[PDB]
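Take a look at this single chain in C-alpha cells; it is the form deposited in one PDB entry.
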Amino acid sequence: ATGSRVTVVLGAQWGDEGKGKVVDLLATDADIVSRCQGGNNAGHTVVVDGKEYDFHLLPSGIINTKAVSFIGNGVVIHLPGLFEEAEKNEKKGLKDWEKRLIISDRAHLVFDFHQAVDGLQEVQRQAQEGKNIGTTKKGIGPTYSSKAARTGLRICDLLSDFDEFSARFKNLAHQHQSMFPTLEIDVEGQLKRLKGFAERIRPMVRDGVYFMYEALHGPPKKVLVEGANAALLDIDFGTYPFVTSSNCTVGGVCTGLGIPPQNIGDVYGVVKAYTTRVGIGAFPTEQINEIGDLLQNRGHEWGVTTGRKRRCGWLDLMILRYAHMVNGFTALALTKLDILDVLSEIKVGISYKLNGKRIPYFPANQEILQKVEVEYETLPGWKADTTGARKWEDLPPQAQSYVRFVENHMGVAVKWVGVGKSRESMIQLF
C-alpha cells in the first residue's frame, strides 16, 4: 500500500566499519542500490572473487549489472572525480555502468575551488591553532556550506541554460576568493570541463523524487541504501566540530532521497570489532601503543581515499549505544572479528568516568570527551583462526561470547559477523 520499505546500512562509529562489504553482500538481489549523503570523501571497499574495488561516489552495488545504482539529492558531486572513479573501475572490468547509474537532478555540485578552499581552510586552521579538522580535502565541507547558503549549484542547473549557470559559477567563485584571496580559480577553464561533463551526465540524470517514489509504489522492489561516514561523524550528532558535513545517521536517508520514514525498513548498523578513527578529534579508547599497532597492522587500517594511517582502539560501547539511540538499528553487522584472532585478551569500553564519577550520557561537548577516563571490561581471546568461519557453530567459544557481549550491552541483535574482506567471509546468524 504505502509502498516498499528500503533497507539501510549505516556506520555506527567513525566510518570504515565495512559498509562497502555489507552493502555488496545485500545488493546481490537488490533492485536498486542508492547513496544518500556525503561525496567521494567516502571510501567503500568491496571484495568479490579476488577483484577488489574502492567506491567513493558510485554506490557499492554498481558492480551488480542487474541492479540499478542511484545517487540521491543529499549527495554532493565533484564531476571530475566521478568519472576518474568510473574509469578506474572500468579498467577493473566495470562495463556499461552508465547504463545503470541514475543521478538525482537535485544533487549539489562540488566545484574545483571547493576542494581547493577545503585544503586552504585546513592549512589555515592548522597554521593558526596547531590543529585542524583532518578533512579528506575533497571539498565536502565547502560544498555543503554553499548549499545551506543557497549559493551552491545543482545537477539540473548544469543541464539547463549554460550561460545562466556560468553567471552563477562566477559569482560563487568570487565569493570564495573573497574569503581566500590567495585562491587561484581558472574561471573559463573549469567551465569548459563542466560543459563537457554536462553532456556526459545528461543521459543518467533523472528526477530523484519521482524516481524513488515510483520505485517504492510500483511493483514491489528491494531498495538498498548505502550510508556514508557514520554516526559519530554526523554533522549534528557526531563529535562536532570534528565531523563530516552531512547527516550520516538514519535521518539522512529521508532528507537525502526524499522518502518518508514509513518507507524505511531494516536499518543495519555496521560495527567494527575494534574502533578506528581517521582524522582529528576525541577518541576515548584510542591505543597509542603496541596493541594499537597490532590492530592498525592486522587490520590494514589506512585511508581508502587518502591513504592516511587510521588511529585504532578497543571497541567502545558508549558511542555504539549512542549511535543506536539516534539510528534505531534493527540488527548489527559485526566486522573484522578475525583481526582479534590473535589476542589473548580483548578490552572493551563500557562507560566514561569524569573526576571519578561516571557520566550519564555521551557528551555533546567534544572537549569533555577528551578528558573522560574510559572504564574497561576485559574478555578472553579465542586465539584461533576464524577467517574460515561460515556459520555460528564454527566460531570458537570466546569469539561467540564476544559476539554476545556486543549484543547484550547494546540491546541490539547481531545479524552478521565479518571474518574477512571478501563477500563470502560472512556469517549470517539469522
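Note that the rigid core is defined as the largest set of C-alphas that superpose within 1.5 Å between two forms. So that there is no doubt, residue numbering starts at 1 and follows the sequence shown.
Averaged over CA atoms, B-factors in the entry run higher in 94-102 than in the other of 234-242 and 94-102.
Higher average CA B factor: 155-163, of the stretches 204-212 and 155-163. The residue among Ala127, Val225, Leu317, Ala323 whose C-alpha atom has the highest B-factor in the PDB entry is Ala127. Across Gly196, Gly256, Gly265, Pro284, the greatest Cα temperature factor reported in the deposited entry is at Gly196. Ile350: CA B factor lies in the middle third for its chain, per the PDB record. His44: CA B factor lies in the lowest third for its chain, per the PDB record.
For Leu57, the recorded CA temperature factor ranks within the lowest third of the chain's modelled residues. In this PDB entry, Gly252 carries a Cα temperature factor that places it within the lowest third of its chain's modelled residues. In the deposited entry, the Cα temperature factor of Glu87 sits in the top third of values across the chain's modelled residues.
The same protein has a further form, the form deposited in another entry, not shown here; the description that follows concerns it.
Aligning the rigid core between the shown form and the other one and inspecting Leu58, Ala27, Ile63, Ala389, the C-alpha positions shift by 2 Å or more at one residue, which is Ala389. Once you line up the core between the shown form and the other one, the Cα of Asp338 ends up 2 Å or more from where it was.
With the core held fixed, the Cα of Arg150 is displaced between the shown form and the other one by less than 2 Å. The Cα position of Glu286 differs by 2 Å or more between the shown form and the other one after fitting on the rigid core.
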